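Accompanying notes for the structure given below.
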Amino acid sequence: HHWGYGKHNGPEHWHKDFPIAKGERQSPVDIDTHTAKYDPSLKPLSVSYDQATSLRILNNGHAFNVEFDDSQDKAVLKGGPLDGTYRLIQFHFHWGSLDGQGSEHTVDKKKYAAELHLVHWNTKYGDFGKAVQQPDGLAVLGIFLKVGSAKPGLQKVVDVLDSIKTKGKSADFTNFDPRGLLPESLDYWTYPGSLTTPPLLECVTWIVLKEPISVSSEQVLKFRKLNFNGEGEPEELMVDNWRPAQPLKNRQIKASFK
Ligand SMILES: COc1ccc([C@H]2OC(=S)NC2=O)c(OC)c1
Ligand SMILES: [Zn+2]
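My numbering puts the first residue of the sequence shown at 13, with every later residue one more than the last.
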């Protein structure tokens, strides 16, 4: 599979190799804030990242992933719309070539400069590969980035990017605290969806936070210096690695807040 984000292999082409691209619960979606319904049944959201153990950071040719030790319940997400325990496995971002685009989800058609995905899998399925074959296999916590003040908690990520410029490069990335990437408020929207890249599997409970985090222009500029290509190949800047909004179809977006 040679999927990417260019004119010739971008989101409009994915359906040929991955027919679920036109499925009934694809992501991302536009969140229409006037249609989303407060749901008093949602339990409180619990982000328990105090024992998180980061390991490594990898440029996989699509984004960069900060990987965690998920061999035990070290960093988990529970509550909200979720039944049981979801274990943090990795986070990554999607971002733009310009500050006015980059997010996958949109809010009343507003695009943010980037979107963070903290990826968790349902521990009742034993491993990540089994979990992605289930409709409730993953919980992705989505956080919007806007350009303004610097995010101090992001800077350790920004500073390692020089060492993973090209596809296939990795670096040791221990003792990184993902709590420094969260906004103050955990108010969220939730809906059932999919992975936003191939294989586009319909396995995700989305939890999208209302409150964006602010990052600096200098921080997001450093994201844009990464490369989609491997070392010694023609340079293609890693920008606009986002899928646009997909049809909502027969789904409801629920709000955790009034
Ligand atoms: C093999 O594991 C994967 C594969 C794809 C995705 C994509 O789906 C979202 S969401 N962002 C992505 O990059 C993933 O993230 C949960 C994990
Ligand atoms: Zn993602």
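Idealized CB from N, CA, C, for every residue including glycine.
I want to check one thing, is the minimum distance from the CB of residue i to the heavy atoms of ligand 1 below 7 angstroms?
{"i": "residue 221", "result": "no"}
{"i": "residue 41", "result": "no"}
{"i": "residue 150", "result": "yes"}
{"i": "residue 2", "result": "In the structure displayed, the chain extends from 13 to 270; residue 2 sits before or after that span and is not available."}
{"i": "residue 207", "result": "yes"}
{"i": "residue 78", "result": "no"}
{"i": "residue 75", "result": "yes"}
{"i": "residue 119", "result": "no"}
{"i": "residue 216", "result": "yes"}
Given residue i, which residues of its chain have a CB within under 6 angstroms of its CB, disregarding the five upstream and five downstream residues?
{"i": "residue 248", "result": "240 and 241"}
{"i": "residue 250", "result": "238, 239 and 240"}
{"i": "residue 50", "result": "267 and 270"}
Distance, Cα to Cα, residue i vs residue j?
{"i": "residue 246", "j": "residue 90", "result": "44 angstroms"}
{"i": "residue 140", "j": "residue 58", "result": "21 angstroms"}
{"i": "residue 17", "j": "residue 254", "result": "8 angstroms"}
{"i": "residue 100", "j": "residue 190", "result": "10 angstroms"}
{"i": "residue 220", "j": "residue 20", "result": "30 angstroms"}
{"i": "residue 148", "j": "residue 180", "result": "30 angstroms"}
{"i": "residue 198", "j": "residue 22", "result": "32 angstroms"}
{"i": "residue 216", "j": "residue 205", "result": "5 angstroms"}
{"i": "residue 106", "j": "residue 196", "result": "21 angstroms"}
{"i": "residue 252", "j": "residue 130", "result": "19 angstroms"}
{"i": "residue 257", "j": "residue 173", "result": "28 angstroms"}
{"i": "residue 228", "j": "residue 166", "result": "10 angstroms"}
{"i": "residue 170", "j": "residue 234", "result": "6 angstroms"}
Please return the same chain residues whose Cβ sits closer than 8 angstroms to the Cβ of residue i, not counting the five positions on each side in sequence.
{"i": "residue 46", "result": "120"}
{"i": "residue 86", "result": "63, 64, 65, 80, 99 and 100"}
{"i": "residue 54", "result": "92, 93, 202, 266 and 268"}
Are there any heavy atoms of ligand 2 lying less than 7 angstroms away from the beta-carbon of residue i, as far as the coordinates show?
{"i": "residue 106", "result": "yes"}
Among the residues of its own chain, which have a CB less than 7 angstroms from the CB of residue i, if the five just before and after it don't count?
{"i": "residue 186", "result": "66 and 67"}
{"i": "residue 124", "result": "114, 115, 156, 157, 158 and 224"}
Beta strand (DSSP E) segments (min. 3 residues) lying fully within the segment 36–68: 57–60
Tell me the start and end of each unbroken alpha helix (DSSP H) in the segment 185–256 that is at least 4 residues and wholly inside, in chain order. 229–235
Threshold first: 4 residues or longer. Then list the alpha helix (DSSP H) segments lying entirely within the segment 126–172, N to C. 140–143 and 167–172
Segments assigned beta strand (DSSP E), at least 3 residues, entirely inside the segment 74–127: The segment 74–127 contains these whole beta strand (DSSP E) runs: 76–80, 88–91 and 98–107.
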